[PDB]
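Comments concern the structure below.
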Amino acid sequence: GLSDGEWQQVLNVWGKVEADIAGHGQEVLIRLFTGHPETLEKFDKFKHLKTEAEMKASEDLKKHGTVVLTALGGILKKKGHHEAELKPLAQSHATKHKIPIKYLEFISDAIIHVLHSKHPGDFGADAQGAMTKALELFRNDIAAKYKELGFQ
Ligand code: HEM
C-alpha cells in the first residue's frame, strides 16, 4: 500500500527508465544473470550466453529487456490497481516458465542496483523507498497467485 506521494516518486523514477527502456532492460537482465546464474537456466533462448560480453552483444536480450520493463511499467502506472495486468504474468510465470518467487526478489533488487548505477546521486533515499515498496507490492500480489496455484 503506497500513498499518493509515494506513487508520485515511483512514476518520477520511472521517467528515467522510459528515456532508455532498452538500455535499462538490458542492464537489469545482465545484473540478474551475472549475479544469479541459475536464473539464466530458465531461459532457453539465453542459456547459450556464457560471458557477459556475449550478453552485452545480444540484441535479443535487449529486446526481451524492453518487453519486461514495458510490462512492469504498465503495472506501475496502475498505482496498485493492477489485478488484470498482473494475473496473466503470475499465471505464465508460475505455470509455463516455472519461476520461483525468489527470482522475482532477485530481479527487484537488480532494478534498484541498476538505477543507482545509471543515475548515481540522482536516485535519492525517498525515491529508493518508494520504488522498493512498489516492487514489494508487485511481488506480494504475485505471491498470492502463486499460493492459489500451489506453486513453489
Ligand atoms: C519484473 C518482473 C518480470 C516481468 C514484468 C516479466 C515479464 C515477462 C513478460 C511480459 C514475458 C512475455 C510474456 C509471458 O510469457 O508472460 C516474460 C517471459 C518470460 N519471463 Fe518474465 N518477467 C519478469 C521476471 C522474470 C524472472 C525473474 C524470470 C526468470 C528468472 C522470468 C522468466 C521469463 C521467461 C523464461 C520467459 C519466457 C522467455 C521466452 O522464451 O520468450 N521472468 N516475462
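Quick note on naming: the chains in the C-alpha cells go A, B, ... in the order shown, residues restart at 1 in each chain, and ligands are numbered from 1 in order of appearance.
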Near range 85-89 of chain A, within 8 Å and counting only C-alpha atoms, which residues show up once chain neighbours fewer than 3 positions away are dropped, as a ChimeraX atom specification?
-> /A:74-75,82,92-93,141-142,145
Which chains and residue numbers are within 10 Å of ligand 1, counting only C-alpha atoms and all ligand atoms, if I want them as a ChimeraX atom specification?
-> /A:25,28-29,32-33,36-46,60-61,64-75,85-94,96-108,110-111,135,138-139,142
Nearest to residue 136 in chain A by atom-to-atom distance, counting only C-alpha atoms, from A:49, A:2, A:149, A:17 |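 Checking each of A:49, A:2, A:149, A:17 against residue 136 in chain A, counting only C-alpha atoms, the winner is A:2.
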Name the residues of range 9-135 of chain A that fall into helix (DSSP H, G or I) according to DSSP on the backbone, using the chain letters and numbers of this document, as a ChimeraX atom specification.
-> /A:9-18,21-35,37-42,52-57,59-76,83-96,101-118,125-135
In Å, how far is it from CA of residue 121 in chain A to CA of residue 109 in chain A?
->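 CA of residue 121 in chain A sits 17.8 Å away from CA of residue 109 in chain A.
Coordinates place CA of residue 10 in chain A at a distance of 7.4 Å from CA of residue 134 in chain A.
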Nearest-residue call for residue 30 in chain A, choices A:147, A:57, A:18, A:6, using only C-alpha atoms | A:57
Go through A:79, A:137, A:127, A:113 one by one, measure the shortest atom-to-atom distance of each to residue 24 in chain A using only C-alpha atoms, and give the residue with the smallest value.
-> A:113
By how many Å are CA of residue 112 in chain A and CA of residue 5 in chain A apart?
-> 19.1 Å
